[PDB]
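# An overview of the molecular structure
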Amino acid sequence: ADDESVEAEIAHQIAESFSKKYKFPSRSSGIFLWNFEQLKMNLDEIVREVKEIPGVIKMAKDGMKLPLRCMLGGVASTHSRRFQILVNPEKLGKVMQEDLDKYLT
């Protein structure tokens, strides 16, 4: 029950912000906007992917608000060549790590 309990909590939070534009560091400079919707991946695939991200399962377990921008950044940088070309991968690694450190303290 708990595993479906955790997945439902993840899926709920992503569904709720599915179109919310988050900021990511541009390959040029500055930022660009991106949302889960632009992945063109179904919600179940996304939820499965973000479980692989450190801390996401634990935070979901505690009913915490999840670091959706970081999670979007992880799935997108793996699966979307569009996002891969738009993004500065070095800076994205730092932003994701900064997001996780903040949410996990």
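As a numbering rule, every chain is indexed from 1 in the order its sequence is written, which need not reproduce the entry's residue numbers; residues that lack coordinates are not presented. The side-chain numbers reported here are obtained from all heavy atoms of the structure, hydrogens and water having been left aside.

Per the PDB entry, the chain goes by Phosphoprotein and derives from Duvenhage virus. This entry appears in the Protein Data Bank under the title "Crystal structure of Duvenhage virus phosphoprotein C-terminal domain".

Before going further, it helps to spend a moment on the side chain of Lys51. Along the chain, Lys51 falls in the loop between α2 (43-50) and α3 (56-61). Each polar contact in these results corresponds to two N or O atoms within 3.5 Å; when the atoms are within protein, one needs to be able to donate a hydrogen and the other to accept it, and residues that are neighboring in sequence are counted only if both atoms are side-chain atoms. Here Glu7 takes part through its side chain, which lies 3.2 Å from a polar atom of the side chain of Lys51. It only takes one pair of heavy atoms within 4.5 Å for two residues to be counted as in contact. The contacts of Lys51, once residues within four sequence positions are left out, are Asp3, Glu7, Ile10 and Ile57. Each helix is a run of H or I in the DSSP string that is no shorter than four residues. Each strand is a run of E no shorter than two, and both are numbered from the N terminus.

Time to look at the packing of aromatic side chains. Here is the rule: rings of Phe, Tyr and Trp (six-membered ring for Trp) pair when centre to centre is within 6.5 Å. Planes less than 30 degrees apart are stacked, more than 60 are edge-to-face, and the remainder are tilted. Under the definition given, this model contains 5 aromatic pairs. On the basis of an interplanar angle of 35 degrees and a centroid distance of 5.9 Å, the ring pair of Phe24 and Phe32 is categorised as tilted. Judged by relative accessible area, which is 1%, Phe24 ranks as buried. Judged by its relative accessible area of 11%, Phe32 is buried. On the numbers, 5.7 Å between centres and 65 degrees between planes, the contact of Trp34 with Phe83 is edge-to-face. Note that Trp34 is positioned in strand β2 (residues 31-34) and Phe83 in helix α5 (residues 81-86), a separation of 49 residues in sequence. Across this residue pair, the class does not change: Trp34 and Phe83 are buried. Put simply, the rings of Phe24, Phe32, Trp34 and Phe83 pair up and form one aromatic cluster. For every residue, the accessible area obtained with a 1.4 Å probe (protein chains only) is divided by the maximum for its type, and the residue is called buried under 20%, exposed over 50%, and partly exposed between those limits.

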